[PDB]
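# Quick one, what's the 3D model for this:
(chains A, B, C and D)
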Amino acid sequence: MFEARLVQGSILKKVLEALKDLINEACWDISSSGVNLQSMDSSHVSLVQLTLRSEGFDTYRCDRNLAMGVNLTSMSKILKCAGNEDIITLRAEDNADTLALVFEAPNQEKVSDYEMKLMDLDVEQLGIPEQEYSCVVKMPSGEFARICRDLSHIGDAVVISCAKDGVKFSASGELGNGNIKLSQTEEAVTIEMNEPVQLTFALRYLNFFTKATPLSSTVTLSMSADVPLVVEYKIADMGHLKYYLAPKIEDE
Amino acid sequence: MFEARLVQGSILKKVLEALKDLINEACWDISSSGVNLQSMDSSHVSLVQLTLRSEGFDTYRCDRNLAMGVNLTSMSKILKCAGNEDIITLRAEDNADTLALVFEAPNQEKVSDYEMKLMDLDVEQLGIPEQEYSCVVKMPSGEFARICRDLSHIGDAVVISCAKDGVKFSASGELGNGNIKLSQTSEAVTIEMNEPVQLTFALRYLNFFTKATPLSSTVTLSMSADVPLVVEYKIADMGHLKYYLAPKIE
Amino acid sequence: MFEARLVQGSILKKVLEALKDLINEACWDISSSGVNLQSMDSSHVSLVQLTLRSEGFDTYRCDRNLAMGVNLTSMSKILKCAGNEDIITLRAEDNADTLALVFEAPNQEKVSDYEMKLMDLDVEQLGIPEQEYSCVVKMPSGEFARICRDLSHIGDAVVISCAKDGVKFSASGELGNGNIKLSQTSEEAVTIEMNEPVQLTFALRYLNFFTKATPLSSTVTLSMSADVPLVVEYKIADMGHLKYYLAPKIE
Amino acid sequence: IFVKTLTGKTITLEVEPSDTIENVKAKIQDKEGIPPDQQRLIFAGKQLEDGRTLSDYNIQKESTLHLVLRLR
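Numbering: from 1, shown residues only, chains lettered A, B, ... in the order given. Okay, here it is:
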């Protein structure tokens, strides 16, 4: 028996909102320590890592480790039937050719229960022992989000540039070019660096990543020369959602 | 001449929204009793009965009985011009082939007047007559609406099962299946049954019915074994909007 | 060598909003007196006249007079990248084949910057006389927008009948017809300045094009006369104005 | 005939032996105010079935019937 009672179903619903477009089918890794999802997007470009640790839940029970094949789109389609304050529980048993999701309206008075068939998938891994980063930036999720949305009106790629004197998102296109700055600081931005850096990323995928904005009011950009950008959304003393994206070779 | 002055105009607006996507061409029966409508939808599937009683009008004058042929999407098109607070007046002169709609903005500044042509049409009646139902569920309109909408993701039909202590709506499709239980209190879902029942209905039509949600905070589901479900939306102190939908077999 | 600056940069946004649909590439003539633009729409139908006087700009410098060919849709895309709260600054150099727009958040830190490339302009100036009008109506913009939008469902054209008691907007189609009567008073305050009565038929299409200017002012003014183009006015407060010209239907 | 709840109280009524359970239940709510749904009737240790008549099983006059109500 795997069963997890999560009080805020919103977190789940959102998580799938931040996934379904980037990933179609995935195998959640459900163990004692928590629920993991590690998958390349359907174009094999960006790496996605979701960790929900047993702690952040309220009820967490996993007997035998199991691997749930599921279509994130279907699952999201199910979670759309859940209210935002609805307490949500996932329950699958052993063999588990299907999964059950129960939504309790708060105050109760209403209970909804669905089950979706599962798919036989295998695994992911994609471990990434990682490292310290020559640069890291904590900033409002929404801000970064619209930085991306707007600059995607100029170039098809943004150049992020980092020194403790601020941060700069530049882009250029047939329309001409534009350059955003920040300048440091409850909110806004911090920077931590052992070294300044400049990299070039595709706004398409970043704009995918910003779909997780509703999770944390803060996002974290981690980058080092010759290391993929890791954009970071913290989930509620629960887990985290990481997006890995390889920088362009010539900025420039 | 026929004239109906109605001070809360929203209602008419709302009524039309609850109709146009279901009924196409319809004939309003106009009598001293009030304005009535009974018609089969575009597809000859669902039944609709609208009742607006003369009493419920602030002014009601009918000097004879007439059958107004009209396209509901045209009347709706027109009504969208009316404001929400607008006093809507409705005037069909003696034997004219057209219809007048006057939207009087409250505060007496803007006053708008429209006239839409009518069609040569018939009445066709179709009274049920009436009966008592095993189960009668009284439930929030918004809830019924949400249930129909959410299930329609999952399947094309809904099984509604009414038992003394609660009500369940279920559906199944390729994606999986789902069930939603109400659980009577103990607004405020209410069950009156001399008997339990469970029936299957086409979800698209329920979703058509739920267009009447704005007309009231409370919807009524009335059915019994082997007999059309009845969705009822109460038009306050005025009349009612009722949809009849035959259940699936099995 | 010019830089103007507008806190309440929001205006620029809306200015481009009321425009980009109606006209694609235009030439902003900018003197030492202020920023100005006038152009026909893309179909050679409607006339458009915008003036932002340097009076409103918190800072203005124009050395040598400029004529800036620009694509309004693109400039619109660049404006979208500024906040409504944002204070804006427009900057060009002599010839200036490129215009630098700069966005400052009233939030201080977080300032953006852009360069949009310009175009080689044609030669354009209009014939607007600034004459006296038989009827001048003054109403809230939202209401005119409602009226135009609503009559669009009824028919192609809207007859504006203007008299001293008020103004009535009529329309027709294969549904039937409609009429909307406004009145006087008693922001706010609809008015009629009348000399001779007028009855003029206009095309709801271009009027609905005009109504996109509504976010600019709480009120619109309709200057009308017979056998002369309708004049629809939205007015930037403490700044300047925006005006539209549309020929009535003939006969 | 007598009808006693579990409370140990019978009460008097007039029915015609060789009759139906239902009309009896109706007599019961007349005074008591109980819907014939909310109620059930037990005599001779067995539940009395709806629609049957007494003469099926054997009964004479002056007989205490146990009135036992259905679930809340």
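# going forward, measure contacts between C-alpha atoms and count neighbours the same way
Noted.
# what residues are up against the residue in chain D that chain B sits nearest to?
For chain D and chain B, the shortest gap (C-alpha to the nearest C-alpha) falls at residue D:37, measuring 8.5 Å. By C-alpha atoms under 8 Å, 6 or more residues apart in numbering or on different chains, the residues touching residue D:37 are residue D:70.
# Checking it next. Helix, strand or coil?
coil (DSSP: H, G, I helix; E, B strand; the rest coil).
# how close does it get to chain A?
Distance of residue D:37 to chain A, computed by C-alpha to the nearest C-alpha, to the nearest Å: 26 Å.
# Could you pull up phi and psi at the closest residue to residue D:4 other than its chain neighbours?
Using C-alpha to C-alpha, 6 or more residues apart in numbering or on different chains and skipping the chain neighbours, the partner closest in space to residue D:4 is residue D:10 (3.5 Å). When read as degrees, to the nearest 10, the backbone of residue D:10 gives phi -80, psi 180.
# wait, residue D:10 sits on residue D:64?
Yes: between residue D:10 and residue D:64 there is a contact under C-alpha atoms under 8 Å: 6.7 Å.
# Tell me the residues that contact both of these two, please.
Common neighbours of residue D:10 and residue D:64 (C-alpha under 8 Å, 6+ apart) are D:2, D:3, D:4.
# among these, which are in strands?
Residues of the shared contacts of residue D:10 and residue D:64 located in strands (DSSP state E): D:2, D:3, D:4.
# Please, where are all the strands along chain D?
Counting by DSSP E, the strands of chain D are D:2-5, D:39-43, D:46-47, D:64-69.
# on that earlier part again, ok, now which ones touch the residue nearest to residue D:4?
D:2, D:3, D:4, D:64, D:65.
# For residue C:135, see how far away it is.
95 Å (C-alpha to C-alpha, to the nearest Å).
# what sits up against stretch A:41-57?
A:4-7, A:22-24, A:32-40, A:60, A:205, A:236-246.
# Only the buried subset of those residues, as a ChimeraX command please.
Selection of buried members from the contacts of stretch A:41-57 for ChimeraX, criterion 16 or more other C-alpha atoms under 10 Å in any protein chain shown:
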select /A:4,5,6,7,22,23,34,35,36,37,38,39,40,60,205,238,239,240,241,242,243,244,245,246
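# So which of the contacts of stretch A:41-57 sit within helices?
If you go by DSSP state H, the contacts of stretch A:41-57 have residue A:205 in helices.
# Run a quick neighbour tally on the nearest residue to residue A:39 once chain neighbours are set aside.
Nearest non-adjacent residue to residue A:39, counting by C-alpha to C-alpha, 6+ apart: residue A:48, 5.2 Å away. By other C-alpha atoms under 10 Å in any protein chain shown, 22 other residues sit near residue A:48.
# so what strands line up beside the helix or strand hosting residue A:48?
In this assignment (DSSP states H and E), residue A:48 forms part of strand A:47-53. Strand pairing for strand A:47-53, using DSSP bridges, gives strand A:34-40 (antiparallel), strand A:239-245 (antiparallel).
# among those, which is nearest residue D:18?
Comparing the strands paired with strand A:47-53 by their distance to residue D:18 (C-alpha to C-alpha), the top pick is strand A:34-40, with 70.4 Å.
# Now that closest one - C-alpha only, PDB.
In PDB, the C-alpha atoms belonging to strand A:34-40 read as follows (Å, rounded to 0.1, in the frame of the first residue of the first chain):
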ATOM      1  CA  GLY A  34       9.200  10.300  -0.800                       C
ATOM      2  CA  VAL A  35       7.900  10.700  -4.400                       C
ATOM      3  CA  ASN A  36      10.400  11.600  -7.100                       C
ATOM      4  CA  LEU A  37      10.000  12.500 -10.800                       C
ATOM      5  CA  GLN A  38      13.100  12.700 -12.900                       C
ATOM      6  CA  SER A  39      12.600  13.000 -16.700                       C
ATOM      7  CA  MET A  40      13.900  14.700 -19.800                       C
END
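# Tell me the helices and strands packed up against the helix or strand where residue A:178 lies.
Assessed by DSSP H and E, residue A:178 sits inside strand A:176-180. Packing contacts for strand A:176-180, counted by 3 or more C-alpha pairs under 8 Å, 6 or more residues apart in numbering or on different chains; DSSP states H and E, involve strand A:166-173, strand C:108-117.
# what's the angle from it to strand C:108-117?
170 degrees (axes from the mean of the first three to the mean of the last three C-alpha atoms, to 10 degrees).
# Quick one: residues in contact with strand A:176-180.
Here strand A:176-180 has contacts from A:147, A:151, A:154-155, A:168-172, C:110-117, using C-alpha under 8 Å, 6+ apart.
# Which strand residues bridge residue A:160?
Here residue A:160, judged by DSSP bridges, has bridge partners residue A:169, residue A:199.
# Residue A:36 too?
residue A:29, residue A:51.
# Distance of it relative to chain C?
Taking C-alpha to the nearest C-alpha, one finds residue A:36 at 36 Å from chain C.
# Next: residue A:68.
In terms of C-alpha to the nearest C-alpha, residue A:68 sits 42 Å off from chain C.
# ok, that residue touching residue A:28?
Yes: Residue A:68 is within contact range of residue A:28, at 5.0 Å (criterion: C-alpha under 8 Å).
# give the contact list for residue D:70.
Contacts of residue D:70 (C-alpha under 8 Å, 6+ apart): D:37, D:38, D:39, D:40.
# surely the last one meets residue D:50?
No: the criterion here is C-alpha under 8 Å, and residue D:40 misses it with residue D:50 at 9.4 Å.
# Between the two, tell me which one has more neighbours.
Just comparing residue D:40 and residue D:50: by other C-alpha under 10 Å the higher neighbour count belongs to residue D:40, 17 against 11.
# how about the residues of chain A near chain B?
A:74, A:77-78, A:80-81, A:109-117 (C-alpha under 8 Å from any C-alpha of the partner chain).
# try 10 Å
Residues of chain A that fall close to chain B, judged by C-alpha under 10 Å from any C-alpha of the partner chain: A:71, A:73-75, A:77-82, A:98-103, A:108-118.
# Generate a PyMOL selection restricted to the buried subset of the residues you listed.
Buried subset of the residues of chain A next to chain B, written as a PyMOL selection, criterion 16+ other C-alpha under 10 Å:
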select buried, chain A and resi 71+73+74+75+77+78+79+80+81+82+98+99+100+101+102+103+111+112+113+114+115+116+117+118
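# quick one, what contacts the most far-flung residue of chain D relative to its centre?
Within chain D, the residue lying farthest from the chain centre (C-alpha atoms, centre = their mean) is residue D:72, at 19.1 Å. By C-alpha atoms under 10 Å, 6 or more residues apart in numbering or on different chains, residue D:72 lies in contact with residue D:38.
# Look up how far residue B:189 lies from it.
Taken as C-alpha to C-alpha, the span from residue D:72 to residue B:189 is 18 Å.
# Neighbours of residue D:62, how many?
9.
# Oops, could you answer that again for residue A:181 instead?
Residue A:181: 19 neighbours (other C-alpha under 10 Å).
# How about it: what's its closest non-neighbour residue?
Per C-alpha to C-alpha, 6+ apart, closest to residue A:181 is residue A:168, 4.4 Å.
# pretty sure that neighbour contacts residue A:144?
No: between residue A:168 and residue A:144 there is no contact, the gap being 11.1 Å when judged by C-alpha atoms under 10 Å.
# got a list of what the most centrally placed residue in chain D touches?
By C-alpha atoms, centre = their mean, chain D has its centre lying nearest to residue D:41, at 4.7 Å. Contacts for residue D:41 (C-alpha under 10 Å, 6+ apart) come out as D:3-5, D:21, D:24-25, D:47-50, D:65-70.
# right, and out of those residues, which lies closest to residue D:14?
Once C-alpha to C-alpha is applied, the member of the contacts of residue D:41 that ends up nearest residue D:14 is residue D:24, at 9.0 Å.
# Can you give me the distance of that closest one to chain C?
Residue D:24 is 67 Å from chain C, by C-alpha to the nearest C-alpha.
# which one is that residue nearest to, not counting chain neighbours?
Using C-alpha to C-alpha, 6+ apart, the closest residue to residue D:24 is residue D:15 (7.0 Å).
# who's in contact with residue 40?
Picked chain A for this. Residue A:40 neighbours (C-alpha under 10 Å, 6+ apart): A:22, A:23, A:26, A:46, A:47, A:48, A:49, A:124, A:126, A:243, A:244.
# my question was about chain D
Here residue D:40 is in contact with D:21, D:25, D:47, D:48, D:49, D:50, D:66, D:67, D:68, D:69, D:70 (C-alpha under 10 Å, 6+ apart).
# Noted, bye for now.
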